[PDB]
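**Student:** First, the structure itself, so that you have it in front of you.
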Amino acid sequence: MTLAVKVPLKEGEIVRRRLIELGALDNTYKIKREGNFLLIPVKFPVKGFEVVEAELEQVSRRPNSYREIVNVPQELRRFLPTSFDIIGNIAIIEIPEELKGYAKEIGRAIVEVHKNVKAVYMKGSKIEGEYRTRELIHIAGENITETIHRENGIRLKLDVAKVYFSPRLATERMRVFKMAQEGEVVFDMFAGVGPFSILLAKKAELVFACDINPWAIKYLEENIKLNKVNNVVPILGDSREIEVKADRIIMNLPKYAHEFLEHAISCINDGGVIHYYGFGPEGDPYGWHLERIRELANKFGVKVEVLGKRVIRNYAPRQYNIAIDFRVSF
């Protein structure tokens, strides 16, 4: 039972509006009915109404996140990773080694509270011999790795096992699409399945989309088809050995982009702007990258100036992922 107010039926909304004004109305229970009078739930007694205790049907908040798992309560804290990526209808979650034990019930939970997901995997390594390689251990749902993710008005066929992809960057992608001007020549140095490249293809005369992985190439071609784009050319190989010219460059490989800056500088016209993605230490994430980039400005004999320095997302530990947008003019 909870608190309520027995107000006649035709007098309902008046009271309701009145209580909304007082700040008494309680969203936690559904209004109950008696033939002559309703019973409006209140979070406290009020001066001008007939307060009654009543057994009221609580309204069930549909669960946000997965608080529906069952496992050891000690690990409940350790075990509930707070973020997981969901691309298309596939969900990928990083489970600690403390709770691999209950992985299946984790997956069973996710697919239950997210209608849209159909399968759930978990990131884990296989050990080849010397090197250790990654793989997605299936924990719940259908036995499918292929999904068509929806991002920015564009659909991306993807094998979430073969080609790498981060949906969190979606926002970031639009941010540069807005900075881009039409008629531009765009060079996606590291294109993936062209989440950047197609979006950008909506506003560019020509665009080259390159990647080292052939699965991302196959899927990029598939997306060129699926999204009705024709100003995109897929390119398999080391981006550095690709001598073309570009009005915009997109270096979305933060781990190593600092290597490719040299060739980035090499492929730019007077107008050209370069978006360069990198990793930086706490308290000076831009410092080194700006040091290197200014030096390169001297080397190649061009003048660079910076339009913006940002953090697209932080690495899980103390590391931060940066995005510099600098325009080069000779």
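Under the authors' numbering, residues 1 to 330 are what the sequence shown spells out, in order.
Cβ coordinates follow ideal geometry from the N, Cα and C atoms, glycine included.
Report yes if the CB atom of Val185 is closer than 8 Å to the CB atom of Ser197, and no otherwise.
**Tutor:** Walking along the sequence shown from the start, residue 185 turns up at place 185. Walking along the sequence shown from the start, residue 197 turns up at place 197. No, the pair does not count as a contact, with Cβ atoms beyond the cut-off.
**Student:** Can you look up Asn298 in the DSSP assignment and give me helix, strand or coil?
**Tutor:** Numbered from its first residue, the sequence shown carries residue 298 at position 298. If DSSP states are grouped into helix, strand and coil, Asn298 belongs with the helices.
**Student:** Whole angstroms are fine: how far does the CA of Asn223 sit from the CA of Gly194?
**Tutor:** Taking the sequence shown and counting its residues from 1, one reaches residue 194 at position 194. Taking the sequence shown and counting its residues from 1, one reaches residue 223 at position 223. About 8 Å.
**Student:** Can you give, in chain order, each stretch of the beta strand (DSSP E) that sits fully within the segment 124–160 and has at least 3 residues?
**Tutor:** Correct list: 132–141, 146–150 and 155–159.
**Student:** Counting Cβ pairs, one atom from each stretch, are 3 or more of them under 8 Å apart for the segment 246–254 and the segment 146–160?
**Tutor:** Contact between the segment 246–254 and the segment 146–160 is absent, because fewer than three Cβ pairs lie under 8 Å.
**Student:** Tell whether a beta-carbon distance below 8 Å holds between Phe326 and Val306.
**Tutor:** By 1-based counting over the sequence shown, the position of residue 326 is 326. By 1-based counting over the sequence shown, the position of residue 306 is 306. Contact: yes.
**Student:** Hey, out of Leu22, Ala54, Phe49 and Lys43, whose CA is closest to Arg33's CA?
**Tutor:** The count along the sequence shown starts at 1 and reaches residue 33 at position 33. Comparing Cα positions, the closest option is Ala54.
**Student:** Does the segment 273–293 come close enough to the segment 309–327 that 3 or more CB-CB pairs lie under 8 Å?
**Tutor:** They touch, by the three-pair rule.
**Student:** Note the first and the last residue of the continuous beta strand (DSSP E) segment covering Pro41.
**Tutor:** Here residue 41 is taken as the residue at index 41 of the sequence shown, counted from 1. Where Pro41 is concerned, the enclosing beta strand (DSSP E) stretches over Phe37 to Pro41.
**Student:** Express the C-alpha separation of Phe177 and residue 331 in angstroms, rounding to a whole number.
**Tutor:** As shown, the chain starts at 1 and ends at 330. That puts residue 331 outside it, with no answer to give.
**Student:** Out of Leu22, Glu68, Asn64 and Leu3, which has the shortest C-alpha to C-alpha gap to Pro41?
**Tutor:** Position 41 of the sequence shown holds residue 41. Per the Cα distances, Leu3.
**Student:** Since residue 344 is in the alpha helix (DSSP H), which residue starts that stretch and which ends it?
**Tutor:** Residue numbering for the chain in the displayed model covers 1 to 330; residue 344 lies beyond these limits and cannot be assessed.
**Student:** Please state whether the Cβ-Cβ distance between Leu39 and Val5 is less than 8 Å.
**Tutor:** By 1-based counting over the sequence shown, the position of residue 39 is 39. By 1-based counting over the sequence shown, the position of residue 5 is 5. Against a cut-off of 8 Å, the Cβ pair of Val5 and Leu39 comes out as a contact.
**Student:** Between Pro281, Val302 and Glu105, which has its C-alpha nearest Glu262's C-alpha?
**Tutor:** In the sequence shown, the residue the question calls residue 262 occupies position 262. Among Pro281, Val302 and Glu105, the Cα nearest to that of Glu262 belongs to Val302.
**Student:** Across the segment 294–301 and the segment 260–279, are there enough close Cβ pairs to call them in contact, namely three or more that are closer than 8 Å?
**Tutor:** Yes, the segment 294–301 is in contact with the segment 260–279.
**Student:** For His275, name the three-state secondary structure that DSSP assigns.
**Tutor:** As a working mapping, residue 275 is identified with position 275 in the sequence shown. If DSSP states are grouped into helix, strand and coil, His275 belongs with the strands.
**Student:** Taking the straight line between their C-alpha atoms, what separation do you get for residue 331 and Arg132?
**Tutor:** What is shown of the chain runs 1 to 330, which leaves residue 331 out entirely.
**Student:** Taking 6 Å as the limit between beta carbons, can you name the residues of its chain near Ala201, skipping five residues before and five after?
**Tutor:** Stepping through the sequence shown from its first residue, residue 201 is reached at position 201. If we look at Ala201 and ignore the five residues flanking it on each side, its Cβ neighbours are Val207, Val229, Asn231 and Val232.
**Student:** Would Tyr277 pass as a contact of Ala257 if the rule is Cβ separation under 8 Å?
**Tutor:** Taking the sequence shown and counting its residues from 1, the one referred to as residue 277 is at position 277. Taking the sequence shown and counting its residues from 1, the one referred to as residue 257 is at position 257. Their beta carbons are under 8 Å apart, which means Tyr277 touches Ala257 by this criterion.
**Student:** Using 8 Å as the Cβ pair cut-off and three pairs as the minimum, do the segment 143–152 and the segment 95–111 touch?
**Tutor:** Verdict: no, contact absent.
**Student:** Cβ atoms of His149 and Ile92: under 8 Å apart, would you say?
**Tutor:** Along the sequence shown, one-based indexing puts residue 92 at 92. Along the sequence shown, one-based indexing puts residue 149 at 149. No. Outside cutoff.
**Student:** Which residues share a DSSP beta bridge with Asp85?
**Tutor:** Taking the sequence shown and counting its residues from 1, the one referred to as residue 85 is at position 85. Paired residues: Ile92.
**Student:** List the whole-angstrom C-beta distance separating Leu220 from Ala209, where the pair is believed to meet the contact cut-off of C-beta under 8 Å.
**Tutor:** What you label residue 220 is simply residue 220 of the sequence shown in a count that begins at 1. What you label residue 209 is simply residue 209 of the sequence shown in a count that begins at 1. Their Cβ separation, rounded to whole angstroms, is 6 Å, which keeps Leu220 and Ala209 in contact under 8 Å.
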